[PDB]
Amino acid sequence: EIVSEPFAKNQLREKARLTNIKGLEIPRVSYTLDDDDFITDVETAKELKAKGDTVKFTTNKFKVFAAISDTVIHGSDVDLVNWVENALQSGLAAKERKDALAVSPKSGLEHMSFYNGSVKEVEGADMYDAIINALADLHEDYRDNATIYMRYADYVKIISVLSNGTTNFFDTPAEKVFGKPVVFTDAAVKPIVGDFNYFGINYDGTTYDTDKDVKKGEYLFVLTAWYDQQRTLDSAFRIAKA
Amino acid sequence: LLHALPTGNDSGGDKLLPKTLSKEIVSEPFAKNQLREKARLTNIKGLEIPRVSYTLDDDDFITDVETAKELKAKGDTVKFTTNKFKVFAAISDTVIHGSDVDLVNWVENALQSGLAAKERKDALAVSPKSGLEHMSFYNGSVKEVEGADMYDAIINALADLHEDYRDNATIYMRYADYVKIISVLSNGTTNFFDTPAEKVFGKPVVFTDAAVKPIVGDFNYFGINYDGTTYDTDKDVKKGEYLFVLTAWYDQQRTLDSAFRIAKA
Amino acid sequence: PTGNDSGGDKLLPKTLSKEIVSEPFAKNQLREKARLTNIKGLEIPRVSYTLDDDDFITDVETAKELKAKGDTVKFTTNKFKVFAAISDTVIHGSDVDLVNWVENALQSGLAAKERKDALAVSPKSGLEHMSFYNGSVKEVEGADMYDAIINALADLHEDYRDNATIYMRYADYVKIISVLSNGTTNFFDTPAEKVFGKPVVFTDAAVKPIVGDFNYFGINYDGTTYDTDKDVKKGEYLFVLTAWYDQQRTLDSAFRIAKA
Amino acid sequence: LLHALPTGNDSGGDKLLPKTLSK
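Residue numbers (our numbering), protein chains in the order written: chain E, 22 to 263; chain U, 9 to 273; chain Z, 8 to 267; chain G, 6 to 28.
Pasting the structure below:
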């Protein structure tokens, strides 16, 4: 009987939080120390003042589909059970990663993306300089917990300049070059970096349905849900650029 | 093409979602002190540990080291002295009544994280402040050595140290500096990035971003303690905020300052 | 912190519903006087009775319409559809509109369908015979609205007069007062029964005041059917209802118009 | 999107009509 792989996945689910709570509200600033605090970084003064202390997780709709013609049903195969779950679950993942890493987001969902704007682009001479400088920019608390996302091909080019003749960092991991964990993803254009503790997602509710289009002779299996994902603090996550 | 009325609002699609969903907020500590591993911790009140040990009635009145004698002339004992602390949490009003969640970890992760950030900051402070000068390694009490490059410096740092203290020595430095040391050594030879850091210098290493200059020495002498804590809640009515606040008392001092050094180029 | 439980609910008012409710969105004023029926097929005679030999000739009108239409009257089915649409988010936000919001909605749809057709200035084709302004009613002419209504009563037959009723828009009932201002006296406080001498009902659609014996006018609803379905893709439930009715005038000569 | 055959012709919408009907 039939089986297959996850057709698509979201790499960002590794580090980000994931929730199922109906309405969700958290504070942005975890703690403040005693009187002898050097002034909080100019950034956090601005965004905290503008956004407010809390953060709103606000429902947003979409729809996922699935279509099976009638002949396929009546040829002794069982795709009703597994082919759809393999299909719909993947649809949830691609919807996320498309919106977060959108170069030019659709309207009504700008605030989710990391490339919509409102993040500072540092400038390194090459990719190796830009990533290390970007770590040099953000606040140190975020640095200690930071994580990098990038495309694997860019990790090859930094090796060609760190070829150094005899030595070959094709065998080395990527943790030890930059000094922090790395995850590889093809959509991420400009290497982004920050503490992905703060980034978070929430799924509130769903509903599963099925129906037959009698004339055209195709079953349907549809699902819907509402989610949203926001950055607790924009000042954390930063860009690298040549 | 059915006639039923979904009044119940029970959702069948819930199981299709990823099974890693939390239903309760959780996160890791925001900050941590990386000195706690090597150094000594204590809860007792009013601590005093003598500097002296190992007297011989020697006719060869040379002690161990010239630096060791002249700075014991400072004093016989060390006495840790109390210093004040303050920690604030600030969960607001909407979050409490807006929805049913649980924040006890969010508070806990915030408070005892704040302690570690305090004691690391002052102990590694570049420019100390009033009353706090007597714990920072970058205070002028401790020496600088001078290698031509930072590699030979750390060697010349671990070199001019007591035989004993060398044995359980330990190094602190930034990782970014640690890379430049190796990109130059890897020229025309084996790779070192696959190697542990214990071996290029011979002894264990820990990495933190604070140490603008390296440290070397045995941190069994560096010591910390906490006298006792105070915890109480509070509500500001006019604004709506709930306040969770902590205060305790502490000090940290090094037993002997000759056991530690600074490398520099 | 235990939760958002508090004692403010006592301070909160007592008029709070805890679930949704609303008014009839629209109504048909004509249902007060007209007959209303549920019979499958309905047939009645037009002329109630005739007296003995000494009957002055029946009014020229009734001779004509009775001769043309015939003795009986046919109630003939005519279709329409009423709709209702609820998006999916509205369902899944803990509210109960399934039970009351629809009945409040559909029942109103029946009423507006009636009054639209009866008082239609220019009816849709296939349903001309229902309206009162399609034609076939005589328009008397008064110098003002007060003269036109009273003259219109002077026109129709007296049996219908004794049982007659007037429908009009309230604003026209104000203008007749301004001419009957008479200085000191003010008929804003008076009812309208006593000015014209017969009952009155107020309605905004009725343009030219109509008048006659609304015993004769009648309505019938034969059958219905209630259905529901989901448009899966667009994610909206539906609640639809249908029925067949018709309403006719037993005798056209009764109901008359007033005009300036 | 149901499979049933309404043979009975019993009408559920009857009660929605006004309750002042005469018969």
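Note that CB positions come from ideal geometry on N, CA and C, so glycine has one too.
Beta-ladder partner(s) of residue i, from DSSP
i	result
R263 of chain Z	Z:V218
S101 of chain Z	Answer is none; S101 of chain Z lacks a bridge partner.
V86 of chain U	U:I57
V85 of chain E	E:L244
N233 of chain U	U:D259
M181 of chain U	U:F215
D242 of chain U	U:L251
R38 of chain Z	Paired residues: none, contrary to the question.
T40 of chain E	E:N223
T53 of chain E	U:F96
Cutoff 8 Å; reference residue i; Cβ partners in own chain excluding five residues on either side
i	result
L111 of chain U	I33, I99 and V103
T231 of chain E	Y240, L241, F242 and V243
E154 of chain U	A161, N164, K272 and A273
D108 of chain U	none
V73 of chain U	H170 and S266
Alpha carbon of residue i to alpha carbon of residue j, nearest angstrom
i	j	result
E243 of chain Z	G138 of chain E	36 Å
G225 of chain U	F268 of chain U	5 Å
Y180 of chain Z	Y223 of chain Z	25 Å
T83 of chain Z	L73 of chain Z	19 Å
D18 of chain U	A9 of chain G	25 Å
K87 of chain U	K46 of chain U	21 Å
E127 of chain U	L169 of chain U	26 Å
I217 of chain Z	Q114 of chain Z	26 Å
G73 of chain E	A39 of chain U	23 Å
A271 of chain U	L166 of chain U	9 Å
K215 of chain Z	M175 of chain Z	7 Å
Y140 of chain Z	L134 of chain Z	12 Å
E56 of chain U	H105 of chain U	50 Å
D22 of chain U	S132 of chain Z	53 Å
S51 of chain E	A118 of chain U	6 Å
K84 of chain E	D192 of chain E	43 Å
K237 of chain E	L10 of chain U	19 Å
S138 of chain Z	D61 of chain Z	36 Å
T9 of chain Z	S191 of chain U	57 Å
Contact with chain Z by residue i, beta-carbon distance below 7 Å
i	result
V243 of chain E	yes
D230 of chain E	yes
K28 of chain G	yes
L22 of chain G	yes
Closer than 7 Å to chain U by CB, residue i
i	result
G138 of chain E	no
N11 of chain Z	yes
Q250 of chain E	no
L54 of chain E	yes
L7 of chain G	yes
residue 269 of chain E	Lying before the first or after the last residue shown, residue 269 of chain E is absent from chain E, which here runs from 22 to 263.
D100 of chain E	no
7 Å Cβ shell around residue i - same chain, five flanking residues per side excluded
i	result
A195 of chain E	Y176 and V203
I183 of chain Z	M152 and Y153
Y167 of chain Z	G219, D220 and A261
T206 of chain E	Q32, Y170 and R172
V208 of chain U	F200
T228 of chain E	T245
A124 of chain U	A39, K40 and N41
Test: residue i CB closer than 7 Å to a CB of chain E
i	result
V239 of chain Z	yes
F38 of chain U	yes
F201 of chain U	yes
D22 of chain U	yes
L132 of chain U	no
Interface flag, residue i vs chain G, CB-CB below 7 Å
i	result
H105 of chain U	no
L43 of chain Z	yes
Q114 of chain Z	yes
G225 of chain Z	no
Heavy atom of the ligand FAD within 6 Å of residue i beta-carbon
i	result
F28 of chain E	Looking for the ligand FAD in the displayed structure turns up nothing, as the structure carries no ligands at all.
Neighbourhood of residue i by C-beta distance below 6 Å, restricted to the same chain and skipping five residues each side
i	result
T178 of chain U	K46, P212 and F227
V115 of chain U	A97 and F252
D101 of chain U	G248
May I have a chain-ordered list of the alpha helix (DSSP H) segments no shorter than 4 residues that lie completely inside the stretch 136-208 of chain Z?
152-162, 165-169, 177-186 and 200-203
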